[PDB]
Amino acid sequence: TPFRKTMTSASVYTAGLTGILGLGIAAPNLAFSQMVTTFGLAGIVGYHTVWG
Amino acid sequence: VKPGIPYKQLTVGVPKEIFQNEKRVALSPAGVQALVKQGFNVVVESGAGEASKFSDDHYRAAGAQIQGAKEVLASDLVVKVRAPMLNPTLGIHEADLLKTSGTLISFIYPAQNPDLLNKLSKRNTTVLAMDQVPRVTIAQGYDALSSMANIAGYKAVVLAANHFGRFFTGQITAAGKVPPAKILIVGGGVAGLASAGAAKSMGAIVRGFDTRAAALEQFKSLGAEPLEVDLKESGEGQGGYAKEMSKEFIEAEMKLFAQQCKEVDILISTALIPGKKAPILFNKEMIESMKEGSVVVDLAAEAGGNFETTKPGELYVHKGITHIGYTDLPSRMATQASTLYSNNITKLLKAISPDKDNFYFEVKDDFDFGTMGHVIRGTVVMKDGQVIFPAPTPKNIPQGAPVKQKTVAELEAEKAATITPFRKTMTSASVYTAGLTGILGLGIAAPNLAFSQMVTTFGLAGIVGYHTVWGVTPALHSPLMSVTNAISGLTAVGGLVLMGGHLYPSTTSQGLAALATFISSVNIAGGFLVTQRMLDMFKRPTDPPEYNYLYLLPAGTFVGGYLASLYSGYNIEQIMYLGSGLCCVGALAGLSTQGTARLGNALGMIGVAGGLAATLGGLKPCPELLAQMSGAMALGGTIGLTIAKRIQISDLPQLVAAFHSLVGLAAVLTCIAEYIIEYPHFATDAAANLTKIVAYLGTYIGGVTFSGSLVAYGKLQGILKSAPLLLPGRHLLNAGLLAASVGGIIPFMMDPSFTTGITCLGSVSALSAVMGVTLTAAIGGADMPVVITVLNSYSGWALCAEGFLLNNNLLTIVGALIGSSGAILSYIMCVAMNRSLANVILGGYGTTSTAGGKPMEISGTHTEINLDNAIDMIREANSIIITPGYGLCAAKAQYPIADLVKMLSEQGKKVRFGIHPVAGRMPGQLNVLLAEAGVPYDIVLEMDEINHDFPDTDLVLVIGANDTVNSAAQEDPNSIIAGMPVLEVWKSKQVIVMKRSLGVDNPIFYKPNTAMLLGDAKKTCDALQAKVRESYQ
Amino acid sequence: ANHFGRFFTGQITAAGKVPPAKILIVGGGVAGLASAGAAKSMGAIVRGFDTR
């Protein structure tokens, strides 16, 4: 049914956003936050460039 | 008075043909509407049309007055198919039954009718020889022998059947496979091309060859097998016709024909030299050298024949060979023959005296190659009985020397051949050494760790933003810049950071960084409201309802989890900036398949809410100024929400320009605010000697993009002139302003006084605004959709500069995304129109493919029809493709098209839309204007997927589009638009154009298949839907 | 052909548009499909129909 498509998609996004906050809670310093940011952005570049 | 008697005093005469074995007619009933439309009277014979199966009742109803026999010849304009001969039913020569000093127009050929010429000179009449029309470029409307040859070739290819023994198509049947038959064509002209096209339609194999190499090449381009004999004799003579060859090439072709005579099953001989006897191209035993059941067609029957045995008046089975020697192929298909004769006579009578009613038919002797006076001299040989029979020579003619006309797409392959691979890889590696020394230069001036970290997060955000903006579907570019103007309201984040005081502003730093928040808060609410309005029009009513309220489940848990998480005693700001940056990327990655469009708006709202909440919690405000932040944000959002639900969609680029101008003002109001607030810290710091260079750069970019988008708004609303303003030299001025801008950085260095910085910041904001007004004014009116995207880019790069300024990590990601999106949207249309960006900003002329001067001119004649036949023309078409322009939507006429399209689609038709990407004044601005009226998304196709079924398309309508359906972009290397990839709308069967007048010029107007409806566009389109609605129930 | 006085296919050249013909295939068995293939190869507009 068209309810469960959006429900599953919204469940995936709320799991991802609470995982981002969970990585935020255990952060000891700003160096780890910097490495998480450059890690995520390099991951999206890597996802996007090897379909090419 | 005009030099000639008008057509109302001009009666015409079409008498009965008295010759034997001639079924042709002079003019049909459809031919009687024309030339009565010219004004000439119509007098008809008794029963001539019934021989060609035409009713004399319909002939008299067409506007004619049927008369006798001698009374049909004694008019002011006598016309027949054959020449004036002696009638056996009533004994008289036909010149005596005609009026003295009358008009005669028929196939005469006085080279073979010299005694008939002496008879026609006796009555002192005027002769108009139809067959004597020379091969001119304007002679496509009058060529009697060409149409007669096409009719004879169609009749002969039909007469292949009911003479052969087996089928010529061929199939793979269940009882066994059937092989096709090979057909021979001897004599390559229009007749050979027509027989080859009809045989290939019938599914035959052709192996015809000709003496003229252009004839064999055109036959091979039609798909025939142009054979080649081993004889070095030139087939062409002085022009396109054949010439006299020796017996050596004749014997070589005779041996090849005897070899191929036992190869093919069908043989058609159409070879003949005009004025002399046709050469016998078939021998006595080589003709019997085929199988028992052969078919030998001799289409040179009146001029002898191309066989050693051919009786020219009867058919015969010659020892197992069909001797198709019928003397009158033109008497076999006389209906379409008379139709073509009437059409050619209509073009001839239109050309002979093109006035309203003058009947001039002037006599010119010194006449040019291609001149209609030369055609008049060649056509009229007996002028009032007097002999102008000796035809004059043509004027100075190269006679079609550049027959390989310079088509456009090949000169770029010639230009990309001096791009020899050494200099190609040299200019490849030069780019990478420039880039690597650039990043080394940024490494040299790096003050600390945080600047290098900011460079890395900016660079990887740039590569994400480059790869994801090509990912959007090209039918949703109009939500794209609305959602990037929505996300660019995150310079409120950099406004809130240095906001403070109490419920009132106290200082002037805090005074500037409160209306920074106020003017930026319009952007968030306005952009997301207008994006949500635009994505509720692409949704079909048949689409199952996506429950969009369920996306509050991530958003509330995200923001409230940050709220509980800083209530618990943490600091989750530097990861919340990552979360908002990834939700802002997912906003633009959402709208990429037309079905996940609402995901890519909700994620943007989640990201902007997360970014605002993070920068709010990361300052820990007292409740006295938290009231100020809430009041400023709410007073921004109320105006931003109340001017986004009021606008009508077709006025979108105005608020797009306004929302760039507000971001451009917000960046300059937040750069000098931190330069004021960071002044007593420049002594004991290291990065402080480049927060100055970042502030200067950001103020420059913001001051440009403020005023440039103001000028673009004033030019879109009609208030400023739609003409470019170019009084001064304009390049010393812009170079002087740019040199002052780049030179202003050293007085802003070199002395640390509090006044000398701020006066230089004011100076660079002032001269940058004047630079923006100077550049953006002298742009144009059709080059408008460039500056929207370029101003979008400068807004994004201003956000990124301010992000370097505050060392905030969300702003570089968001700004690099918006700036890369603006750059990609400028590049897509600067390849759509084939110009450059410096060829538009600097007011340049032409394009990237225009050569030198002399734009070659149009010729050919146009055709207009009224409303009642056009709609019945619609009613017998299966597939329709409509190609709108901006003039459709600017006249509010997209609504009555939206009913026409559905009522045609509900009867089995194939109505679709072609869209050129520079139609509206914004990227994809007319997809939304079609989707408002009620067209679905799935039948609106872009250019690159509809430009290959215009061959397989019956009717092509054109509404208002004048610049994107030209063929000067394909066939002229001198015009302005050469190289611009346009729709190939001339590849079809019939074209309609809805335009208010007649004639900056496009040669799709001058084609055999093009109409022109006249009138107001709305007043035409509602008449179209009215006729459909009252003609289909 | 040799019964119809008009061209079967018809072209729009620069001398006048030749309208294509309309052929009625009354009754389609096997010969209906065969003659329809022969006409569609010839270039006519066929509008045959049958009870089956």
# chains A, B, ... in the order shown; residues from 1 in each chain; ligands from 1

call {"tool": "interface_residues", "arguments": {"of": "chain C", "to": "chain B", "cutoff": "8 Å", "atoms": "only C-alpha atoms", "output": "PyMOL selection string"}}
result
chain C and resi 1-2+4-7+12-16+38+41-43

call {"tool": "residues_around", "arguments": {"residues": "stretch 12-27 of chain A", "least_positions_apart": "3", "cutoff": "10 Å", "atoms": "only C-alpha atoms", "output": "PyMOL selection string"}}
result
(chain A and resi 6-9+30-33+36) or (chain B and resi 551-559+561-562+565-566+570-576+578-580+582-583+603)

call {"tool": "write_last_selection", "arguments": {"atoms": "C-alpha atoms", "output": "PDB file, in the first residue's frame"}}
result
ATOM      1  CA  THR A   6       6.667   6.413   2.882  1.00  0.00           C
ATOM      2  CA  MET A   7       6.646   4.773   6.316  1.00  0.00           C
ATOM      3  CA  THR A   8       9.714   2.651   5.509  1.00  0.00           C
ATOM      4  CA  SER A   9      11.487   5.636   3.939  1.00  0.00           C
ATOM      5  CA  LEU A  30      36.662  18.492  17.539  1.00  0.00           C
ATOM      6  CA  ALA A  31      39.223  16.409  15.631  1.00  0.00           C
ATOM      7  CA  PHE A  32      36.828  13.476  15.498  1.00  0.00           C
ATOM      8  CA  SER A  33      34.004  15.726  14.298  1.00  0.00           C
ATOM      9  CA  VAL A  36      33.548  12.415  10.489  1.00  0.00           C
TER      10      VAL A  36
ATOM     11  CA  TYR B 551       8.194  13.059   7.428  1.00  0.00           C
ATOM     12  CA  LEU B 552       7.593  14.784  10.765  1.00  0.00           C
ATOM     13  CA  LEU B 553       8.794  11.511  12.289  1.00  0.00           C
ATOM     14  CA  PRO B 554      12.482  12.122  11.413  1.00  0.00           C
ATOM     15  CA  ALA B 555      12.329  15.901  11.835  1.00  0.00           C
ATOM     16  CA  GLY B 556      10.871  16.094  15.318  1.00  0.00           C
ATOM     17  CA  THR B 557      13.068  13.304  16.662  1.00  0.00           C
ATOM     18  CA  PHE B 558      16.152  14.938  15.109  1.00  0.00           C
ATOM     19  CA  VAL B 559      15.569  18.459  16.425  1.00  0.00           C
ATOM     20  CA  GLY B 561      16.932  14.883  20.140  1.00  0.00           C
ATOM     21  CA  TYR B 562      19.320  17.785  19.818  1.00  0.00           C
ATOM     22  CA  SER B 565      20.886  16.240  24.092  1.00  0.00           C
ATOM     23  CA  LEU B 566      21.945  19.732  25.037  1.00  0.00           C
ATOM     24  CA  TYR B 570      26.450  17.915  25.781  1.00  0.00           C
ATOM     25  CA  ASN B 571      27.702  19.865  22.755  1.00  0.00           C
ATOM     26  CA  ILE B 572      26.436  18.337  19.527  1.00  0.00           C
ATOM     27  CA  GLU B 573      26.872  21.355  17.286  1.00  0.00           C
ATOM     28  CA  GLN B 574      29.726  20.175  15.080  1.00  0.00           C
ATOM     29  CA  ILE B 575      27.838  16.991  14.195  1.00  0.00           C
ATOM     30  CA  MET B 576      24.507  18.775  13.761  1.00  0.00           C
ATOM     31  CA  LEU B 578      27.073  17.621   9.297  1.00  0.00           C
ATOM     32  CA  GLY B 579      23.470  16.467   9.643  1.00  0.00           C
ATOM     33  CA  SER B 580      22.056  19.677   8.192  1.00  0.00           C
ATOM     34  CA  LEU B 582      23.670  16.095   4.411  1.00  0.00           C
ATOM     35  CA  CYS B 583      19.975  16.914   4.579  1.00  0.00           C
ATOM     36  CA  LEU B 603      14.707  16.961   3.768  1.00  0.00           C
TER      37      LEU B 603
END

call {"tool": "residues_around", "arguments": {"residues": "residue B:971", "least_positions_apart": "4", "cutoff": "7 Å", "atoms": "only C-alpha atoms", "output": "NGL selection string"}}
result
:B and (407-408 or 967)

call {"tool": "write_last_selection", "arguments": {"atoms": "N, CA and C atoms", "output": "CSV table (one decimal), in the first residue's frame"}}
result
chain,number,residue,atom,x,y,z
B,407,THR,N,27.0,22.7,-45.1
B,407,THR,CA,26.3,22.3,-43.9
B,407,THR,C,27.2,22.5,-42.7
B,408,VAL,N,26.5,22.8,-41.6
B,408,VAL,CA,27.2,23.3,-40.4
B,408,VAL,C,28.0,22.3,-39.7
B,967,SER,N,16.0,26.3,-39.4
B,967,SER,CA,16.9,25.4,-40.0
B,967,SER,C,18.2,26.2,-40.5

call {"tool": "residues_around", "arguments": {"residues": "residue C:47", "least_positions_apart": "5", "cutoff": "12 Å", "atoms": "only C-alpha atoms", "output": "list in words"}}
result
residues 21, 22, 23, 24, 25, 26, 27, 28, 32, 33, 35, 36, 37, 39 and 40 of chain C

call {"tool": "select_by_dssp", "arguments": {"residues": "stretch 20-50 of chain C", "states": "alpha helix (DSSP H)", "output": "VMD selection string"}}
result
chain C and resid 31 to 42

call {"tool": "residues_around", "arguments": {"residues": "stretch 696-707 of chain B", "least_positions_apart": "5", "cutoff": "10 Å", "atoms": "only C-alpha atoms", "output": "VMD selection string"}}
result
chain B and resid 657 to 672 675 690 to 691 712 to 713 741 to 742 744 to 745 748 757 760 to 776 790 to 805

call {"tool": "write_last_selection", "arguments": {"atoms": "C-alpha atoms", "output": "PDB file, in the first residue's frame"}}
result
ATOM      1  CA  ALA B 657      15.770  37.922  -8.593  1.00  0.00           C
ATOM      2  CA  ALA B 658      14.514  39.541  -5.390  1.00  0.00           C
ATOM      3  CA  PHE B 659      15.618  36.549  -3.356  1.00  0.00           C
ATOM      4  CA  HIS B 660      19.077  36.833  -4.830  1.00  0.00           C
ATOM      5  CA  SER B 661      19.177  40.542  -3.975  1.00  0.00           C
ATOM      6  CA  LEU B 662      18.297  39.894  -0.338  1.00  0.00           C
ATOM      7  CA  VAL B 663      21.108  37.340   0.077  1.00  0.00           C
ATOM      8  CA  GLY B 664      23.500  39.751  -1.589  1.00  0.00           C
ATOM      9  CA  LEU B 665      22.522  42.439   0.873  1.00  0.00           C
ATOM     10  CA  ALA B 666      22.762  40.031   3.813  1.00  0.00           C
ATOM     11  CA  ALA B 667      26.333  39.016   3.007  1.00  0.00           C
ATOM     12  CA  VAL B 668      27.645  42.585   2.886  1.00  0.00           C
ATOM     13  CA  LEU B 669      25.732  43.410   6.056  1.00  0.00           C
ATOM     14  CA  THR B 670      27.356  40.455   7.814  1.00  0.00           C
ATOM     15  CA  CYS B 671      30.925  40.872   6.579  1.00  0.00           C
ATOM     16  CA  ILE B 672      31.478  44.423   7.811  1.00  0.00           C
ATOM     17  CA  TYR B 675      35.022  43.377  10.698  1.00  0.00           C
ATOM     18  CA  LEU B 690      43.528  36.972   6.439  1.00  0.00           C
ATOM     19  CA  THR B 691      40.107  37.376   7.961  1.00  0.00           C
ATOM     20  CA  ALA B 712      17.700  42.041 -13.533  1.00  0.00           C
ATOM     21  CA  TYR B 713      14.444  42.511 -11.618  1.00  0.00           C
ATOM     22  CA  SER B 741      38.669  46.570  -6.790  1.00  0.00           C
ATOM     23  CA  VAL B 742      41.795  44.411  -6.864  1.00  0.00           C
ATOM     24  CA  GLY B 744      41.877  48.244  -2.921  1.00  0.00           C
ATOM     25  CA  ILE B 745      43.321  45.360  -0.947  1.00  0.00           C
ATOM     26  CA  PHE B 748      43.095  47.809   3.493  1.00  0.00           C
ATOM     27  CA  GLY B 757      39.511  49.688   6.855  1.00  0.00           C
ATOM     28  CA  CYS B 760      37.802  50.897   2.054  1.00  0.00           C
ATOM     29  CA  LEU B 761      35.008  48.402   2.725  1.00  0.00           C
ATOM     30  CA  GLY B 762      32.497  51.108   1.861  1.00  0.00           C
ATOM     31  CA  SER B 763      34.509  51.948  -1.251  1.00  0.00           C
ATOM     32  CA  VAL B 764      34.645  48.374  -2.503  1.00  0.00           C
ATOM     33  CA  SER B 765      30.932  47.839  -1.820  1.00  0.00           C
ATOM     34  CA  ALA B 766      30.136  51.046  -3.728  1.00  0.00           C
ATOM     35  CA  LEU B 767      32.332  50.406  -6.768  1.00  0.00           C
ATOM     36  CA  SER B 768      31.276  46.748  -6.839  1.00  0.00           C
ATOM     37  CA  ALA B 769      27.617  47.778  -6.947  1.00  0.00           C
ATOM     38  CA  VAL B 770      28.371  50.192  -9.791  1.00  0.00           C
ATOM     39  CA  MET B 771      30.242  47.374 -11.570  1.00  0.00           C
ATOM     40  CA  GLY B 772      27.234  45.100 -11.178  1.00  0.00           C
ATOM     41  CA  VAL B 773      24.847  47.705 -12.586  1.00  0.00           C
ATOM     42  CA  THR B 774      27.236  48.416 -15.471  1.00  0.00           C
ATOM     43  CA  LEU B 775      27.690  44.771 -16.480  1.00  0.00           C
ATOM     44  CA  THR B 776      24.107  43.602 -15.930  1.00  0.00           C
ATOM     45  CA  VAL B 790      25.073  33.582 -12.756  1.00  0.00           C
ATOM     46  CA  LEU B 791      23.615  35.686  -9.951  1.00  0.00           C
ATOM     47  CA  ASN B 792      22.572  32.433  -8.260  1.00  0.00           C
ATOM     48  CA  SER B 793      26.198  31.351  -8.476  1.00  0.00           C
ATOM     49  CA  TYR B 794      27.530  34.590  -6.962  1.00  0.00           C
ATOM     50  CA  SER B 795      25.037  34.260  -4.103  1.00  0.00           C
ATOM     51  CA  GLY B 796      26.337  30.767  -3.348  1.00  0.00           C
ATOM     52  CA  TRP B 797      29.968  31.834  -3.448  1.00  0.00           C
ATOM     53  CA  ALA B 798      29.170  34.767  -1.155  1.00  0.00           C
ATOM     54  CA  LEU B 799      27.776  32.282   1.362  1.00  0.00           C
ATOM     55  CA  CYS B 800      30.959  30.231   1.111  1.00  0.00           C
ATOM     56  CA  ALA B 801      33.162  33.301   1.628  1.00  0.00           C
ATOM     57  CA  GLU B 802      31.173  34.245   4.725  1.00  0.00           C
ATOM     58  CA  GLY B 803      31.598  30.633   5.840  1.00  0.00           C
ATOM     59  CA  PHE B 804      35.376  31.017   5.670  1.00  0.00           C
ATOM     60  CA  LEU B 805      34.940  34.282   7.560  1.00  0.00           C
TER      61      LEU B 805
END

call {"tool": "residues_around", "arguments": {"residues": "residue B:496", "least_positions_apart": "3", "cutoff": "8 Å", "atoms": "only C-alpha atoms", "output": "PyMOL selection string"}}
result
chain B and resi 492-493+499+513-514+517+615-616+629

call {"tool": "write_last_selection", "arguments": {"atoms": "C-alpha atoms", "output": "short mmCIF file (atom, residue, chain, number, x, y, z; two decimals), in the first residue's frame"}}
result
data_model
loop_
_atom_site.label_atom_id
_atom_site.label_comp_id
_atom_site.auth_asym_id
_atom_site.auth_seq_id
_atom_site.Cartn_x
_atom_site.Cartn_y
_atom_site.Cartn_z
CA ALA B 492 20.78 33.88 9.10
CA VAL B 493 23.15 31.39 10.74
CA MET B 499 23.76 39.14 17.36
CA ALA B 513 23.51 41.71 12.49
CA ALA B 514 19.84 41.92 13.31
CA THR B 517 18.71 37.99 10.18
CA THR B 615 23.41 27.68 15.76
CA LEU B 616 20.78 28.79 18.26
CA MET B 629 15.95 36.62 17.72
#

call {"tool": "atom_distance", "arguments": {"atom1": "atom CA of residue B:676", "atom2": "atom CA of residue B:689"}}
result
14.5 Å

call {"tool": "residues_around", "arguments": {"residues": "residue B:966", "least_positions_apart": "4", "cutoff": "7 Å", "atoms": "only C-alpha atoms", "output": "PyMOL selection string"}}
result
chain B and resi 982+1002-1004

call {"tool": "atom_distance", "arguments": {"atom1": "atom CA of residue B:79", "atom2": "atom CA of residue B:13"}}
result
5.7 Å

call {"tool": "select_by_dssp", "arguments": {"residues": "stretch 884-941 of chain B", "states": "strand (DSSP E)", "output": "PyMOL selection string"}}
result
chain B and resi 884+912-914+940-941
